[PDB]
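> The structure is given below, and queries will be raised subsequently.
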Amino acid sequence: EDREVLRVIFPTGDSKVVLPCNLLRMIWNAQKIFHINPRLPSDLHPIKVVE
Amino acid sequence: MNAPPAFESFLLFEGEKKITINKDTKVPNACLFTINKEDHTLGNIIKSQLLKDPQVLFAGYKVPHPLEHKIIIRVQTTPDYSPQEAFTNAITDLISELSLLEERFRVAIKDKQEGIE
Amino acid sequence: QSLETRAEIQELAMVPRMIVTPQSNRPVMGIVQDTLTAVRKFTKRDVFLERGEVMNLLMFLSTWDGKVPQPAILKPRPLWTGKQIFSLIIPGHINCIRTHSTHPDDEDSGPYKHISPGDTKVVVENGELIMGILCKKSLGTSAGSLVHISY
Amino acid sequence: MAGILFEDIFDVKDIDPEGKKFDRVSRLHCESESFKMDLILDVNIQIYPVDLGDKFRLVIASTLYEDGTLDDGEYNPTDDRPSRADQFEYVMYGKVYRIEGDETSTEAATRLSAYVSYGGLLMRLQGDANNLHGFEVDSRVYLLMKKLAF
Ligand SMILES: [Zn+2]
């Protein structure tokens, strides 16, 4: 549903919008600081994420 | 006008002292020497004599601002050997090299030359 | 002329606080002129420094922890690379990506031809410069820049 | 002596890929005599004159001062412990930034590439035997290059 609304917001279909808080850069910081191994299985339950 | 008198470039001020020593706390066994009214002529040479010494871990100098006659020397040595002694020795050593250079020069001039004086 | 106005300037108008402008949410100031050309020249992968030159540069830095990093080349003689010394300057863990986009490498499809590092991408991680030359695109007043990420 | 992460004797396929070439630093393209591992690596050709016909010995280690860690940094010229992989003609210190193979498939996790950075001198290895030793980790890994054999 959000995807469908978002197409109406940007009919010209540009991917580049101004927003606060760089989420990719923060997530990227989480991997770098906690030393998360990309190969090892993660220790996170998805429902915790959604909530 | 605001230009200093040019002699103020090298004469020590009556309320100042020639060298000052302060400890650094960032790392153990290290020192910061302040040389006032001195320039690259002195600062650069003392850096090279210290780096020659193998007990010295780090040595460097920086003139904090060009308009301001003063240099700082950071030196760091092994725990087994005080950094102050290396500096004193480094000057004396340097004094010795220049003295030998002066004796060899006068003698070299003394070599079969004419119009030497 | 007062403590209230001195407080108001120190807190509101003072230059480290005028850095990222709201005029167009990118930094107002970045590295300029002669230094900027010297930074380009310096980060190239071919720059190497002896123990003396590194100690001299370390001596000019400000927040330097005091621990000389291990040179990227130990043998046959000690050598520090340019990027490496630069990594002492980059704050705690500031981390960019991309921003390679000079006229060096390819108008894009070349780098995908497998990441033959080419030598132009600017990658930094945990506040340590991993690879690639710095320039107007990284340090300049461009929205995506290194100076933007520090602030 | 350091716990060996990787060890092999390599042959040079080419010294100038694309051929573009530059000063002081040069990019080697190599292949391991096991013929199961590939290598791309920068070296300081100004202080280590490589040749196209040369056959090199390469070693990768997680430490030097024997077995304990060295994460102190601070190269410490005053050490004298013969623990060192010092017999080698060319040694570099550096960090790993990427490692990097197909894992999407069934089981997969087969065939692997490591990217290493030695202060801006880049390295790339392909394998599968280094699967226990490649890690995207802090500045820790050393490349020791030696002898260039005969
Ligand atoms: Zn374009």
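Letters A, B, ... mark the chains of the structure tokens in the order given; residue numbers begin at 1 per chain; ligand numbers begin at 1, in order shown.
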Residues up to 12 Å from ligand 1, counting only C-alpha atoms and all ligand atoms: could you list those as a short mmCIF file (atom, residue, chain, number, x, y, z; two decimals) with C-alpha atoms, in the first residue's frame?

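Written output follows (result_5.cif):
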data_model
loop_
_atom_site.label_atom_id
_atom_site.label_comp_id
_atom_site.auth_asym_id
_atom_site.auth_seq_id
_atom_site.Cartn_x
_atom_site.Cartn_y
_atom_site.Cartn_z
CA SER C 101 33.14 11.30 -9.25
CA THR C 102 36.12 13.11 -10.80
CA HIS C 103 37.24 12.57 -14.39
CA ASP C 106 34.98 5.80 -15.99
CA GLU C 107 31.66 7.47 -16.75
CA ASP C 108 30.36 4.52 -14.82
#
> Taking a cut-off of 8 Å and counting only C-alpha atoms, can you build a table that, for each residue of chain D near chain C, reports the nearest atom pair and how far apart they are in Å (one decimal), sorted by chain then residue number, as CSV?

residue,atom,partner,partner_atom,distance
D:23,CA,C:46,CA,7.1
D:24,CA,C:46,CA,6.0
D:25,CA,C:46,CA,5.6
D:47,CA,C:76,CA,7.5
D:73,CA,C:70,CA,5.7
D:74,CA,C:69,CA,5.0
D:75,CA,C:70,CA,4.6
D:89,CA,C:76,CA,6.3
D:90,CA,C:75,CA,5.0
D:91,CA,C:75,CA,5.0
D:92,CA,C:73,CA,4.6
D:93,CA,C:72,CA,4.9
D:94,CA,C:72,CA,6.3
D:97,CA,C:130,CA,7.7
D:117,CA,C:130,CA,6.7
D:118,CA,C:72,CA,5.6
D:119,CA,C:72,CA,5.2
D:120,CA,C:131,CA,5.0
D:121,CA,C:45,CA,6.4
D:122,CA,C:117,CA,7.9
> Would you please give, as a PDB file with C-alpha atoms, in the first residue's frame, all residues of chain C that DSSP assigns to alpha helix (DSSP H) based on the backbone?

ATOM      1  CA  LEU C   3      27.657  39.409  28.565  1.00  0.00           C
ATOM      2  CA  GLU C   4      24.158  38.871  27.177  1.00  0.00           C
ATOM      3  CA  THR C   5      25.235  39.754  23.556  1.00  0.00           C
ATOM      4  CA  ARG C   6      28.542  37.885  23.949  1.00  0.00           C
ATOM      5  CA  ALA C   7      26.501  34.904  25.030  1.00  0.00           C
ATOM      6  CA  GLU C   8      24.070  35.332  22.176  1.00  0.00           C
ATOM      7  CA  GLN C  33      42.489  26.624  -2.967  1.00  0.00           C
ATOM      8  CA  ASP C  34      46.093  25.404  -2.656  1.00  0.00           C
ATOM      9  CA  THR C  35      45.350  22.940   0.215  1.00  0.00           C
ATOM     10  CA  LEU C  36      42.739  21.278  -1.845  1.00  0.00           C
ATOM     11  CA  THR C  37      45.240  20.623  -4.657  1.00  0.00           C
ATOM     12  CA  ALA C  38      47.726  19.492  -2.087  1.00  0.00           C
ATOM     13  CA  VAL C  39      45.211  17.034  -0.631  1.00  0.00           C
ATOM     14  CA  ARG C  40      44.642  15.474  -4.047  1.00  0.00           C
ATOM     15  CA  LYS C  41      48.299  15.147  -4.664  1.00  0.00           C
ATOM     16  CA  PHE C  42      48.802  13.667  -1.152  1.00  0.00           C
ATOM     17  CA  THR C  43      46.216  10.900  -1.056  1.00  0.00           C
ATOM     18  CA  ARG C  51      60.001   8.021   9.865  1.00  0.00           C
ATOM     19  CA  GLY C  52      61.145  11.653   9.912  1.00  0.00           C
ATOM     20  CA  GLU C  53      58.452  13.093   7.688  1.00  0.00           C
ATOM     21  CA  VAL C  54      55.697  11.303   9.492  1.00  0.00           C
ATOM     22  CA  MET C  55      56.916  12.463  12.829  1.00  0.00           C
ATOM     23  CA  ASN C  56      57.004  15.999  11.536  1.00  0.00           C
ATOM     24  CA  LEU C  57      53.398  15.821  10.223  1.00  0.00           C
ATOM     25  CA  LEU C  58      52.196  14.110  13.378  1.00  0.00           C
ATOM     26  CA  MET C  59      53.727  16.975  15.276  1.00  0.00           C
ATOM     27  CA  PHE C  60      51.520  19.489  13.397  1.00  0.00           C
ATOM     28  CA  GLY C  82      49.558   9.016   2.271  1.00  0.00           C
ATOM     29  CA  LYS C  83      46.037   7.799   2.916  1.00  0.00           C
ATOM     30  CA  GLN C  84      47.231   6.309   6.149  1.00  0.00           C
ATOM     31  CA  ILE C  85      48.481   9.571   7.635  1.00  0.00           C
ATOM     32  CA  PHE C  86      45.242  11.180   6.505  1.00  0.00           C
ATOM     33  CA  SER C  87      43.325   8.608   8.610  1.00  0.00           C
ATOM     34  CA  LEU C  88      44.728  10.162  11.785  1.00  0.00           C
ATOM     35  CA  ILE C  89      42.926  13.448  10.875  1.00  0.00           C
ATOM     36  CA  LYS C 136      36.298  18.652  -4.454  1.00  0.00           C
ATOM     37  CA  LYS C 137      33.795  15.745  -4.535  1.00  0.00           C
ATOM     38  CA  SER C 138      34.822  14.449  -1.135  1.00  0.00           C
ATOM     39  CA  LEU C 139      36.028  17.528   0.728  1.00  0.00           C
ATOM     40  CA  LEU C 146      33.271  14.239   4.180  1.00  0.00           C
ATOM     41  CA  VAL C 147      33.002  17.578   5.961  1.00  0.00           C
ATOM     42  CA  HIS C 148      29.215  17.151   5.913  1.00  0.00           C
ATOM     43  CA  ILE C 149      29.559  13.743   7.583  1.00  0.00           C
ATOM     44  CA  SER C 150      31.839  15.094  10.359  1.00  0.00           C
TER      45      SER C 150
END
> Using only C-alpha atoms, what table do you get, as JSON lines, when you list each residue of chain B with an atom no more than 12 Å from chain D, its nearest pair of atoms, and their distance in Å rounded to one decimal, rows by chain then rising number?

{"residue": "B:27", "atom": "CA", "partner": "D:74", "partner_atom": "CA", "distance": 11.8}
{"residue": "B:53", "atom": "CA", "partner": "D:78", "partner_atom": "CA", "distance": 11.6}
{"residue": "B:54", "atom": "CA", "partner": "D:78", "partner_atom": "CA", "distance": 7.9}
{"residue": "B:55", "atom": "CA", "partner": "D:78", "partner_atom": "CA", "distance": 7.4}
{"residue": "B:56", "atom": "CA", "partner": "D:78", "partner_atom": "CA", "distance": 9.1}
{"residue": "B:57", "atom": "CA", "partner": "D:76", "partner_atom": "CA", "distance": 7.5}
{"residue": "B:58", "atom": "CA", "partner": "D:76", "partner_atom": "CA", "distance": 10.2}
{"residue": "B:76", "atom": "CA", "partner": "D:76", "partner_atom": "CA", "distance": 11.9}
{"residue": "B:77", "atom": "CA", "partner": "D:78", "partner_atom": "CA", "distance": 10.1}
{"residue": "B:78", "atom": "CA", "partner": "D:78", "partner_atom": "CA", "distance": 8.3}
{"residue": "B:79", "atom": "CA", "partner": "D:78", "partner_atom": "CA", "distance": 11.4}
{"residue": "B:80", "atom": "CA", "partner": "D:78", "partner_atom": "CA", "distance": 11.4}
> If the cut-off is 8 Å, can you tell me the residues of chain B near chain C, counting only C-alpha atoms? I'd like them as a list in words.
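Interface list for chain B against chain C: residues 26, 27, 51, 58, 59, 60, 61, 62 and 74 of chain B.
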> Going by DSSP on the backbone, which residues of stretch 33-144 of chain D come out as strand (DSSP E)? List them as a ChimeraX atom specification.
/D:38-44,55-61,90-100,112-118,121-127,141-144
> Quick one: of A:2, A:35, A:42, A:12, who's nearest to chain C, counting only C-alpha atoms?
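For chain C, the nearest of the given residues is A:35.
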> Quick one, how far is atom CA of residue D:146 from atom CA of residue C:114?
28.8 Å
> I'd like the interatomic distance between atom CA of residue B:40 and atom CA of residue B:70, to a tenth of an Å.
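Between these atoms lies a distance of 9.5 Å.
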> I'd like to know which of D:138, D:128, D:54, D:100 is closest to residue D:38, using only C-alpha atoms.
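Closest to residue D:38, using only C-alpha atoms: D:128.
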> Could you write out as a short mmCIF file (atom, residue, chain, number, x, y, z; two decimals) with C-alpha atoms, in the first residue's frame the residues of chain A within 8 Å of chain C, counting only C-alpha atoms?

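Here's the written file iface18.cif:
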data_model
loop_
_atom_site.label_atom_id
_atom_site.label_comp_id
_atom_site.auth_asym_id
_atom_site.auth_seq_id
_atom_site.Cartn_x
_atom_site.Cartn_y
_atom_site.Cartn_z
CA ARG A 25 24.53 5.61 7.09
CA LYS A 32 30.86 -1.26 11.75
CA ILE A 33 30.64 -0.67 15.56
#
> Kindly determine which residues of chain A lie within 12 Å of chain D, considering only C-alpha atoms, and give the answer as a PyMOL selection string.
chain A and resi 31-40
> Store the residues of this selection in a file with C-alpha atoms, as a compact mmCIF listing (two decimals), in the first residue's frame.

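Produced file part.txt, reproduced below:
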# COMPACT_ATOMS: atom_id res chain seq x y z
CA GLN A 31 27.50 -3.02 11.38
CA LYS A 32 30.86 -1.26 11.75
CA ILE A 33 30.64 -0.67 15.56
CA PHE A 34 29.10 -3.95 16.76
CA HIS A 35 31.50 -5.76 14.40
CA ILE A 36 28.67 -7.72 12.82
CA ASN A 37 29.89 -10.59 10.64
CA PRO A 38 28.03 -10.63 7.27
CA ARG A 39 28.50 -14.41 7.06
CA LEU A 40 27.64 -15.54 10.59
> By how many Å are atom CA of residue A:16 and atom CA of residue C:32 apart?
28.1 Å
> Give me, as a short mmCIF file (atom, residue, chain, number, x, y, z; two decimals) with N, CA and C atoms, in the first residue's frame, all polymer residues having an atom no more than 10 Å from residue D:34, counting only C-alpha atoms and skipping those fewer than 4 positions away in the same chain.

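part16.cif, written as the output of this step:
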data_model
loop_
_atom_site.label_atom_id
_atom_site.label_comp_id
_atom_site.auth_asym_id
_atom_site.auth_seq_id
_atom_site.Cartn_x
_atom_site.Cartn_y
_atom_site.Cartn_z
N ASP D 8 51.61 -19.71 0.07
CA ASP D 8 51.81 -20.26 -1.27
C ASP D 8 52.95 -19.62 -2.05
N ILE D 9 53.34 -20.29 -3.12
CA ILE D 9 54.39 -19.84 -4.02
C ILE D 9 53.67 -19.50 -5.33
N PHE D 10 53.84 -18.26 -5.78
CA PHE D 10 52.99 -17.70 -6.83
C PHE D 10 53.84 -17.47 -8.05
N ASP D 38 43.66 -17.21 -7.05
CA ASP D 38 44.06 -16.07 -7.87
C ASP D 38 44.38 -14.85 -7.00
#
> Set the distance at 12 Å and use only C-alpha atoms: which residues neighbour residue D:82 once local chain neighbours fewer than 4 positions away are removed? I'd like the list as a PyMOL selection string.
chain D and resi 1-2+64-66+86-87
> Skip residue B:94 itself and residues of its chain fewer than 2 positions away, then list as an NGL selection string all residues within 10 Å of it, counting only C-alpha atoms.
:B and (45-46 or 48-50 or 88-92 or 96-100)
> Now that the selection is made, can you save its residues with N, CA, C and O atoms as a PDB file, in the first residue's frame?

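Once written, out-v1.pdb looks like this:
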ATOM      1  N   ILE B  45      67.818  21.520  13.508  1.00  0.00           N
ATOM      2  CA  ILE B  45      69.029  20.752  13.850  1.00  0.00           C
ATOM      3  C   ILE B  45      68.812  19.825  15.052  1.00  0.00           C
ATOM      4  O   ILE B  45      69.208  18.661  15.005  1.00  0.00           O
ATOM      5  N   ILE B  46      68.216  20.327  16.126  1.00  0.00           N
ATOM      6  CA  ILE B  46      67.983  19.503  17.302  1.00  0.00           C
ATOM      7  C   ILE B  46      67.076  18.321  16.960  1.00  0.00           C
ATOM      8  O   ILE B  46      67.261  17.230  17.499  1.00  0.00           O
ATOM      9  N   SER B  48      67.039  16.675  14.095  1.00  0.00           N
ATOM     10  CA  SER B  48      67.890  15.671  13.482  1.00  0.00           C
ATOM     11  C   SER B  48      68.872  14.989  14.410  1.00  0.00           C
ATOM     12  O   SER B  48      69.152  13.810  14.222  1.00  0.00           O
ATOM     13  N   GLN B  49      69.420  15.688  15.396  1.00  0.00           N
ATOM     14  CA  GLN B  49      70.304  14.979  16.321  1.00  0.00           C
ATOM     15  C   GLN B  49      69.602  13.961  17.201  1.00  0.00           C
ATOM     16  O   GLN B  49      70.148  12.895  17.470  1.00  0.00           O
ATOM     17  N   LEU B  50      68.388  14.286  17.625  1.00  0.00           N
ATOM     18  CA  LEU B  50      67.562  13.347  18.367  1.00  0.00           C
ATOM     19  C   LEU B  50      67.108  12.139  17.589  1.00  0.00           C
ATOM     20  O   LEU B  50      67.114  11.035  18.112  1.00  0.00           O
ATOM     21  N   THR B  88      69.714  16.759  26.360  1.00  0.00           N
ATOM     22  CA  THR B  88      70.974  17.348  26.777  1.00  0.00           C
ATOM     23  C   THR B  88      72.133  16.712  26.041  1.00  0.00           C
ATOM     24  O   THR B  88      73.008  17.407  25.532  1.00  0.00           O
ATOM     25  N   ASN B  89      72.104  15.395  25.928  1.00  0.00           N
ATOM     26  CA  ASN B  89      73.174  14.668  25.275  1.00  0.00           C
ATOM     27  C   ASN B  89      73.229  15.017  23.781  1.00  0.00           C
ATOM     28  O   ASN B  89      74.306  15.206  23.214  1.00  0.00           O
ATOM     29  N   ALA B  90      72.057  15.103  23.160  1.00  0.00           N
ATOM     30  CA  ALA B  90      71.925  15.477  21.751  1.00  0.00           C
ATOM     31  C   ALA B  90      72.536  16.833  21.409  1.00  0.00           C
ATOM     32  O   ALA B  90      73.043  17.024  20.308  1.00  0.00           O
ATOM     33  N   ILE B  91      72.428  17.797  22.314  1.00  0.00           N
ATOM     34  CA  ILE B  91      73.103  19.073  22.107  1.00  0.00           C
ATOM     35  C   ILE B  91      74.624  18.963  22.237  1.00  0.00           C
ATOM     36  O   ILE B  91      75.368  19.422  21.369  1.00  0.00           O
ATOM     37  N   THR B  92      75.073  18.327  23.317  1.00  0.00           N
ATOM     38  CA  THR B  92      76.494  18.132  23.582  1.00  0.00           C
ATOM     39  C   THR B  92      77.164  17.389  22.444  1.00  0.00           C
ATOM     40  O   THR B  92      78.248  17.759  21.995  1.00  0.00           O
ATOM     41  N   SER B  96      79.907  18.753  19.909  1.00  0.00           N
ATOM     42  CA  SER B  96      81.118  18.014  19.567  1.00  0.00           C
ATOM     43  C   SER B  96      81.352  17.870  18.068  1.00  0.00           C
ATOM     44  O   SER B  96      82.474  18.066  17.604  1.00  0.00           O
ATOM     45  N   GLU B  97      80.307  17.556  17.309  1.00  0.00           N
ATOM     46  CA  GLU B  97      80.438  17.504  15.854  1.00  0.00           C
ATOM     47  C   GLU B  97      80.823  18.849  15.248  1.00  0.00           C
ATOM     48  O   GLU B  97      81.653  18.902  14.347  1.00  0.00           O
ATOM     49  N   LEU B  98      80.250  19.935  15.735  1.00  0.00           N
ATOM     50  CA  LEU B  98      80.605  21.232  15.178  1.00  0.00           C
ATOM     51  C   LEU B  98      82.023  21.636  15.561  1.00  0.00           C
ATOM     52  O   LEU B  98      82.750  22.193  14.741  1.00  0.00           O
ATOM     53  N   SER B  99      82.438  21.303  16.775  1.00  0.00           N
ATOM     54  CA  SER B  99      83.808  21.562  17.193  1.00  0.00           C
ATOM     55  C   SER B  99      84.834  20.818  16.356  1.00  0.00           C
ATOM     56  O   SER B  99      85.850  21.390  15.965  1.00  0.00           O
ATOM     57  N   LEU B 100      84.550  19.565  16.039  1.00  0.00           N
ATOM     58  CA  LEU B 100      85.449  18.794  15.193  1.00  0.00           C
ATOM     59  C   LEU B 100      85.452  19.340  13.777  1.00  0.00           C
ATOM     60  O   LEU B 100      86.482  19.347  13.104  1.00  0.00           O
TER      61      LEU B 100
END
